Structures are given as structure tokens and as C-alpha cells.
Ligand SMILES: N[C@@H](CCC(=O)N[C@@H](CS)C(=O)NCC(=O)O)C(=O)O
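Just one chain is shown here, as C-alpha cells, and it is the form solved without the named molecule.
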């Protein structure tokens, strides 16, 4: 348990990602929570560049950046279940969509709260919706009728996208909008239940209300 430590603020979609990956591999680890109002000295020592979490410490060495940590876990604990796809093209597509989610979609969605006027808010909400249309189509092609982006088993792209689901739901609730409905994202609604109920996910997955209330707490 001491050989693997995960530094992280909580709740956080980015911190969720290595927790799910460690769960898939059944790797025991200690979760070292950052707490509001300070940055721990271990955080400052382990991630001097970004000073953020997650940080995985393994063999006395820190590994930063959520997705990079996920790949590291997949590669190091290779006898366990595969997290990335095995085919190079499928792997490239999984990486492509995770990069889209982290670079475009999620920053857009969390900018909604700070929109100045009404039409800017609408533009951001429209962009989150167009992202979900794109991911609905990616899910159809990736899943091939199976339950996950990863196919029969949960995979890298499930972790990347699924980690955001709670925050999507909270932002839906706080803005009175429905961005996964049933007309626009039928596959993703189903996948959302498969993901949030998965045994490697459910005990680290946030209750929507908890996120909403936490956003209210942060408002400072």
C-alpha cells in the first residue's frame, strides 16, 4: 500500500482517473488528500511545474498529468486488464478523443459559470452540446454495440470521459439545461449508467448534489 501513493484534491474528475485505473488493476494505494486552503509541501515538491493534482508516487518517483498517469498504470501493471485499446489505430482514436475532451470540451463547459452575457453563455452551452453529439457518434463507432468505449470492458476513453459525468450533471442542474437527453445522446445515456455502476468506478463516483453543493462552497 505504501509503494503506491496518489496525491489529490477531492472531488476532482482528474483525480478520479488514476483511482479508477488503480481499481481496474486491483492495485492497493494510499490516497493522500489535498485540503482546501493550502498546497501541501509534498504537492509543491512532487509537481513544481503545475502545482496541481493528481500526482502518483511510485517507487519514490512522482508522475503527473492524469492521462499520463493512466497510461503509466496500464503499462506498469501489464498482467492486469488492458486499459488502453490494443490496436494502434483504436489507441490513437482513444487518445484523440481524450485530448479533445481535456483541451476543448471540459474547459468550455466550466467556462459557462463565468460567462458575462446571455449570448456568450448560450454559445458555450451550444459548444458543450456539439461536443456531446461528437462523442455520441464516437461511442457508436468505438463500442461496436458493446457497453463501453473500450468495448466489452471499461477502457481509457471511458475513464477520460466518464470522469467528467458528475460535473456535466451538476452543470446541467445549475443551468437548468439538459445536454444528454435521449434524442441527442441515446448511447451515452446508457453508457453513463454502465460507467457509473462499474465496480472500479462506483465507489469513487460523485453524487450530483454533492458537486452542486461543493460548487456553491467554492464560490469565493
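Numbering follows the first chain given and starts at 1.
Just so it is clear, the following notes concern the form deposited with the named molecule bound, a form of the same protein that is not shown.
Proximity of 104, 129 and 185 to the named molecule in the entry with it bound is absent: no residue of the three has a non-hydrogen atom within 4.5 angstroms. In the entry with it bound, residue 205 stays away from the named molecule, with no heavy atom inside 4.5 Å.
In the entry with it bound, the named molecule sits within 4.5 Å of a heavy atom belonging to residue 65. Although the partner is absent here, residue 196 sits far enough away that none of its heavy atoms falls within 4.5 Å of the named molecule in the entry with it bound. The named molecule is not drawn, but in the entry with it bound it has no heavy atom within 4.5 Å of residue 162. For the residues 53, 70, 154, 170, the 4.5 Å heavy atom test against the named molecule in the entry with it bound is passed only by 53.
Exactly one of the stretches 154-162, 170-178, 185-193, 38-46 approaches the named molecule in the entry with it bound with heavy atoms within 4.5 Å, and it is 38-46.
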